[PDB]
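Shown next, in structure tokens, is the structure this report addresses.
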Amino acid sequence: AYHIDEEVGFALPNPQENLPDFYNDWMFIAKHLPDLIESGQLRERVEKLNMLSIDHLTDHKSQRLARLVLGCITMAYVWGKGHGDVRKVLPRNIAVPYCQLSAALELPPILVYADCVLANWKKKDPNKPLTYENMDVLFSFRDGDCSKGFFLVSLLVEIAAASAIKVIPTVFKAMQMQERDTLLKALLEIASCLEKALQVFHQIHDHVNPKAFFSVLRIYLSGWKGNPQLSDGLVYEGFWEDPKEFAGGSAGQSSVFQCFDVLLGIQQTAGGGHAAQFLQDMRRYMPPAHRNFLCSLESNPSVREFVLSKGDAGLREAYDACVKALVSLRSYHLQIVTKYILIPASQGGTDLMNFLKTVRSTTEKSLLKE
Ligand code: HEM
Ligand SMILES: NS(=O)(=O)NCCNc1nonc1/C(=N/O)Nc1ccc(F)c(Br)c1
């Protein structure tokens with residue numbers, strides 16, 4: 001189908017953690033980024049790799065892991081240590097397989113949300129549940145970067161939203177088959193799961209430290225689109241002749257908030273303003289199956305139209321509980337961007353907050369009763 005798992009939602013079910021032995025020189029660099037970066041051997045070990053054919057990768061999970069491996073190497077190669085000493089050219093022996101692999105997975109050749117979160121995890125013990133304490137990340141950039149906390153908490157917000165996403169078939173079939181009671185329970189279960197996803201979101205304080213995120217990790221997730229340090233983008237040597245620009249990572253790339261915008265008929269990506277264009281641009285950084293899923297929902301009959309047309313105050317309350325849990329998520333998110341970015345910035349990015357406030361505002365405008 002749309003590669004949406006019932007238990008983990010948009011996340012890659014049970015990611016592969018090991019590559020064929022043919023790729024150990026890739027794997028060795030990725031597993032050792034904190035040391036190799038700290039000493040300054042990282043760029044040297046990248047520039048000495050042979051060119052490895054990607055054709056020994058033979059399933060979606062092996063290719064997803066290879067993309068995560070090459071994507072971490074690329075960020076560590078471009079940004080190095082984080083203090084302005086960048087590289088504007090990606091060596092051929094990594095750029096070519098990376099770009100080839102990315103074309104096959106239909107992703108931009110830059111680290112995205114779906115690599116470093118949705119494929120970058122493992123259970124400690126496969127027979128115990130998906131709790132923080134039973135999980136680990138597969139790669140990190142620097143000692144102290146809080147990558148495990150940041151990646152795993154984002155992942156756990158995705159798994160919470162999965163119990164909501166599981167209900168979306170029920171919504172459209174209760175509409176088609178005119179089943180009012182069924183549609184009302186469905187919307188109320190969605191709001192319930194959206195409310196639990198927000199409480200899982202509070203665990204970002206438990207595991208991520210603002211100074212670590214702002215001054216270490218944020219750097220390795222940054223991109224080269226409208227970035228003054230790489231004003232023309234990145235040359236992917238041996239693959240494209242001219243430098244290319246791509247945006248850095250963001251859970252704007254998470255389909256979960258865009259999922260429920262489309263479902264509830266909230267008019268985010270409709271218009272020509274800068275908030276709509278960004279949200280549609282971020283859809284090019286999502287896995288193709290998830291891109292197609294969001295478009296498939298966009299073409300179905302409106303859930304908002306249905307509830308608005310049937311003079312049914314219980315239905316309207318259920319829809320509003322959904323819009324409200326969405327508004328709560330984005331407001332808490334505003335808070336998070338204040339604690340983890342704006343405050344540490346002071347120790348131009350005011351278009352950041354104007355974007356997020358416009359999206360939250362548009363969301364709360366869809367409420368049926370103020
Ligand atoms: C330290 C933690 C986080 C920070 C600092 C942060 C920051 C940001 C920033 C700066 C943007 C603007 C997009 C851009 O300029 O690239 C953004 C957008 C977004 N973020 Fe986060 N984020 C964090 C965690 C999360 C988590 C855990 C989620 C949900 C799983 C999330 C969901 C979203 C979404 C959906 C958008 C797009 C705007 C919208 O749909 O309302 N973020 N975030
Ligand atoms: N250079 S900048 O302004 O600070 N970049 C801001 C873009 N937002 C983010 N930066 O860093 N994580 C971001 C973000 N926002 O929702 N979510 C986020 C969460 C987990 C991930 F693995 C990735 Br990749 C992105």
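Residue names in the structure tokens use chain letters A, B, ... in the order shown, residue numbers from 1 in each chain, and ligand numbers from 1 in the order shown.
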Review point. Can you tell me, as a PyMOL selection string, what residues are no more than 10 Å from residue 230 (chain A) when counting only C-alpha atoms, ignoring any on the same chain fewer than 6 positions away?
Key: chain A and resi 78+86-88+223-224+243-245
N, CA and C atoms of the current selection, written as a CSV table (one decimal), in the first residue's frame:
```
chain,number,residue,atom,x,y,z
A,78,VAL,N,30.4,17.9,4.9
A,78,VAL,CA,30.2,19.3,4.5
A,78,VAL,C,30.5,20.2,5.7
A,86,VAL,N,33.8,24.8,5.8
A,86,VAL,CA,32.8,23.9,5.1
A,86,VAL,C,33.6,23.3,3.9
A,87,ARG,N,32.9,22.4,3.3
A,87,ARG,CA,33.3,21.9,2.0
A,87,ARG,C,32.2,22.1,1.0
A,88,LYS,N,32.4,22.7,-0.1
A,88,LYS,CA,31.4,23.0,-1.1
A,88,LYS,C,31.4,21.9,-2.2
A,223,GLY,N,21.0,22.5,6.0
A,223,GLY,CA,21.2,22.2,4.6
A,223,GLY,C,21.8,23.3,3.8
A,224,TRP,N,21.7,23.3,2.5
A,224,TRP,CA,22.4,24.2,1.6
A,224,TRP,C,21.4,24.8,0.6
A,243,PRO,N,26.4,23.2,-8.9
A,243,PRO,CA,26.0,23.0,-7.5
A,243,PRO,C,24.5,23.0,-7.5
A,244,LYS,N,24.0,22.2,-6.5
A,244,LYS,CA,22.5,22.1,-6.3
A,244,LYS,C,22.2,22.4,-4.9
A,245,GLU,N,21.0,23.1,-4.7
A,245,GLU,CA,20.6,23.5,-3.4
A,245,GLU,C,19.5,22.5,-2.9
```
Practice item. Would you please extract all helix (DSSP H, G or I) residues from region 55-240 of chain A, as assigned by DSSP on the backbone, and give them as a PyMOL selection string? Key: chain A and resi 55-56+60-79+92-105+113-116+132-134+147-165+168-176+180-201+204-207+210-220
Review point. Skipping near chain neighbours, those fewer than 6 positions away, what residues fall within 8 Å of region 206-214 of chain A using only C-alpha atoms, listed as a VMD selection string?
Key: chain A and resid 144 to 146 149 to 150 153 339 to 341 344 to 345
Check your understanding: Please, which residues have at least one atom within 8 Å of an atom of ligand 2, using only C-alpha atoms and all ligand atoms, listed as a ChimeraX atom specification?
Key -> /A:111-117,150-151,154,214,217-219,221-223,248-254,341,349,352
Check your understanding: Of the candidates A:83, A:3, A:142, A:61, which one gets nearest to residue 36 (chain A) if we count only C-alpha atoms?
Key ->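 Of all the options, A:142 lies closest to residue 36 (chain A).
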Exercise for review: Name the closest residue to ligand 1 among the candidates A:191, A:216, A:156, A:29; distances are taken between atoms, counting only C-alpha atoms and all ligand atoms.
Suggested key: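 Checking each of A:191, A:216, A:156, A:29 against ligand 1, counting only C-alpha atoms and all ligand atoms, the winner is A:156.
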Check your understanding: Running DSSP on the backbone, which parts of region 183-337 of chain A land in strand (DSSP E or B), as number ranges by chain?
Key -> A: 227, 230, 234-236, 244
**Study point:** Polymer residues at most 9 Å from region 64-77 of chain A, only C-alpha atoms, same-chain spacing of 3 or more positions, as an NGL selection string
**Key:** :A and (12 or 15-19 or 23 or 26-27 or 29-31 or 33 or 37 or 42-43 or 46 or 54 or 57 or 59-61 or 80-81 or 86-87 or 90 or 94-95 or 97-98 or 101-102 or 105 or 109-112 or 114-116 or 119-120 or 139-141 or 219-223)
Point to revise | Contacts of region 168-171 of chain A within 10 Å, only C-alpha atoms, excl. fewer than 2 positions in-chain, as a ChimeraX atom specification | key: /A:163-166,173-176,179,182-187,190,259-260,263,297,303
Review point. With only C-alpha atoms as the basis for distance, which of A:283, A:290, A:333, A:304 is at the shortest distance from residue 204 (chain A)?
Key: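 Counting only C-alpha atoms, the residue closest to residue 204 (chain A) is A:333.
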Review point. Which residues come within 12 Å of residue 305 (chain A), counting only C-alpha atoms, excluding same-chain residues fewer than 3 positions away, as a PyMOL selection string?
Key: chain A and resi 175+263-266+300-302+308-311+315-316+319+366+368
**Study point:** Residue nearest ligand 1 - candidates A:205, A:291, A:45, A:56, atoms counted: only C-alpha atoms and all ligand atoms
**Key:** A:205
**Study point:** For ligand 1, the nearest of the candidates A:318, A:103, A:1, A:275, counting only C-alpha atoms and all ligand atoms
**Key:** A:275
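Shortest atom-to-atom contact with residue 322 (chain A) among A:247, A:237, A:194, A:350: A:194, counting only C-alpha atoms.
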